[PDB]
Structures are given as C-alpha cells and as structure tokens.
Amino acid sequence: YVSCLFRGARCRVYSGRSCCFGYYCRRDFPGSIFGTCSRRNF
C-alpha cells in the first residue's frame, strides 16, 4: 500500500506494488510466476 520491495526481496508477477524507487522485479525463468527484486541499473 505504502511500502515497497527492497533489493533481495521476493516479488511475483501478480504481486502488489512495484519495487522501491530505482528497483524492479524480474521473473525466475521463461514461464515462471514468482521472481526477485533487482536494481534497474541500465
């Protein structure tokens, strides 16, 4: 609702809000439902 996911946290595709500022969630493998949160450092 207000909080966000931090680095090294569990996050699924159909999870709640996105990761914290400067962070995103990535799937485990081609055809997964759950993943992890990683820094969106391009």
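Residues numbered from 1 in each chain as written, not as in the entry; some residues may be left out. Heavy atoms only, no water.

In its metadata, the entry names solution NMR as the structure determination method.

Labelled according to the PDB entry, the protein chain appears under the name Tachystatin-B1, originating from Tachypleus tridentatus. For the protein chain, the Subcellular location comment in UniProt is given as "Secreted". (UniProt positions renumbered as here; feature names shortened; annotations may be inferred.)

**Points about the sheet that holds strand β1 (residues 10-12)**
The three strands are arranged β1-β3-β2 in an open sheet whose pairing can be described as antiparallel. Where the open sheet ends on each side, the last strands, each with one partner, are β1 and β2 (23-27). Each neighbouring strand pair of the sheet contributes to a mean axis angle of 50 degrees, computed without reference to strand direction. Relative to strand β3 (residues 34-39), β1 is paired through three bridges, and the arrangement is antiparallel. By the bridge assignment, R10 is partnered in β3 with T36. (Pairing = 2+ DSSP bridges. Helix = DSSP H or I, 4+ residues; strand = E, 2+ residues; numbered from the N terminus. Axes fitted to C-alpha atoms, helices over the stretch in contact; angles between N-to-C directions.)

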